[PDB]
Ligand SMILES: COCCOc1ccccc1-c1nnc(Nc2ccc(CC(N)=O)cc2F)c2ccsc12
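So this first bit is one chain, no partners, the form deposited without the named molecule, shown in structure tokens.
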């Protein structure tokens, strides 16, 4: 059992905690999860080794492609009569002489056709090759049309010219390890005949330093009124009381939970410690007998005396308030009925104006409240609503989940409900819908209609909604794990989104078990991941030192210390030669210390610089730069940049070229993160200072246009201006809709070619002062500003048509501890700025008026 021991050491390093901690967990659900998830592991491995080397090579090097092969009109127009010019590179002699061959080929050609044409053009002086992107580990291994590869479409939009390298397939396959996933060593009754009322005994409490407030909930809604116990003095926290609720035992839905908290009185009621318990365990058994639940500290800004959206389970730290409980015990062990009994009990238990009304209801947004009249209206028309599937969320919200009969009937309706878009299926995965059948339906919709591109695009939200799962073992987690173990690009960010939260002890168990399974089945990539981990490790340590020991020293003294520590051999091995967690296709070779530096003030961010060891680094970027910041929460930045990329995608696929810049930003831990470095970019303040009339002068705004004209002389000029306008327009709309924090001359940046973008998104959801610089680069009363206002109006409209998607994305992110996103009241800001309750012309006038100010 030696290979097993080495693998366990490596998984422990990668996860942070040792694997033997899991073994000591005497929880049946934990060991059952650990064993049962290996089925998904094995499915994924078998799919990897399914087709000899190619299957593995595409697991490790998946195609980075757009979901649709179709080209937007403006993207196709940029082609030369529908064709693209491409440079294919070949390394010939052992001296690595690079020889280039330029081709003009149809944009929809397959990599095989490109290789054929390249060899034809080369010999004018079989299928044993593959195409690599020059300068990074990205391959074109699949028979997609060239233009559908994200890199190629990017080259077509940016006017750059694609530079690919031809590579013998055997050279790549020889670099693929013979992955051996080894099986771990830890693998080898009534049915609500109880026609009664649910009652629970609160026994006593320990580690208390008042009354107990309890309730029965289904997600966020309460199935009956809350029940306060007898106010007892905190000296003797002993109640031994029986609480009876207005709920019949068989009326409890599958996902019924008990939410309790301990409260104090001054008059002034204050929560002290909260807790939540699954009324049914993972085996469908209705809990009975005694139960000790260790409670959790209250989160900041808690409205009520109960935390029902909080995670379920006993606090791992057992030296906390421990509440003792007793659940009724009946004839035998009680279990939730089988779907067959459900169908039996369901089978046992219309005007055109009304149809148009149902359609209009379905059209509304998620946050739009539905009236009780509308709820009963949707319910009385629950069979017609199967013709308009998207209305399913709202319909679900109209169910009385405290009634066995209605729950069974909705179950039947779901067993045959038509599939809906993934965008709309995700909404059914947030905290509003805990019912396992609805969640299964949403996961099935994702599994059938979600390409890996879109899966990557929404991976952060999917990982988040994981936390809303009632049990370790569920369909959503199995789906994500299988996609992660069959596509390494997805598995990279899967692993990192999970690890970045391992510090959160409310999700440590779930995410730790998940990471254990993943790392066990992920293959050789584990080693690579481990390297990344260690690197971050070192960085954190270093930065920690800088923020305490050498906290109050001068820039040059801190710089001397950083160059000293950075030069320690244990440190240099750790931070040289590994993959960029921001993008694993990017190798990071040796550190260029002469180029690393501490970034102005802040939490003392590190600006690091690596050589790019790619054989042809020069044709992409010879130096990669990243900002490691050990100070502030980056989750707000991640969500903002994801939304910006989604908005740019909408505008492109709709026909308005507003080039945004959603640069990379990855949260890797508790307030530790990485940020991409956009080359050839400067803040507006840097522009005004470099252009400062001189030493002892003001810094007027009129100089930005001069700086751009100096950096873009000749025919370039107009181009640059255009770029600047469009990007600017885009970001304006973006920042107005999301309500981003205070902008200023150092929050905004421009590149040497005119592109403008924003950075550091502190707070969102709680008016863009177009400088004279912006308006004069665009030129007040000019055709340029007319086109500018038209762009902005069109972009506002375009983003208003997808309001549901952004509202759902935020709703799903609510689960995260993100401060700027604690309640639906913060999200409502988007419903406000996009004028959802108003009409289209009304919202257009609203935006025009907001933009006049």
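Residue numbers count along the first chain shown, from 1.
One more form of this protein should be noted, the form solved in complex with the named molecule, which is absent from this view; the next part is about it.
K.L.:
The named molecule isn't shown here, but in the entry with it bound which of 535, 118, 591, 202 has a heavy atom within 4.5 Å of it?
P.N.:
Contact check passes for 118.
K.L.:
Sort through 156, 166, 216, 172 and report the residue having a heavy atom within 4.5 Å of the named molecule in the entry with it bound.
P.N.:
Of the candidates 156, 166, 216, 172, 166 is the one lying within 4.5 Å of the named molecule in the entry with it bound.
K.L.:
Spell out, yes or no, whether the shortest heavy atom distance between residue 76 and the named molecule in the entry with it bound is within 4.5 Å.
P.N.:
Taking the distances in the entry with it bound, the answer for residue 76 is no, it never comes within 4.5 Å of the named molecule.
K.L.:
Is there a non-hydrogen atom of residue 101 within 4.5 angstroms of a non-hydrogen atom of the named molecule in the entry with it bound?
P.N.:
Yes, contact at 4.5 Å.
K.L.:
With a cut-off of 4.5 Å between heavy atoms, is residue 90 one of the residues that contacts the named molecule in the entry with it bound?
P.N.:
Contact check for residue 90: yes, within 4.5 Å of the named molecule in the entry with it bound.
K.L.:
Is residue 122 near the named molecule? Define near as a heavy atom within 4.5 Å, in the entry with it bound.
P.N.:
Residue 122: contacts the named molecule in the entry with it bound.
K.L.:
For the interface check, one of 92-100, 145-153, 312-320, 413-421 should have non-hydrogen atoms within 4.5 Å of the named molecule in the entry with it bound; which one?
P.N.:
Partner-contacting stretch among the options: 92-100.
K.L.:
Heavy atom within 4.5 Å of the named molecule in the entry with it bound: which residues of 128-165 qualify?
P.N.:
Result: 129 alone.
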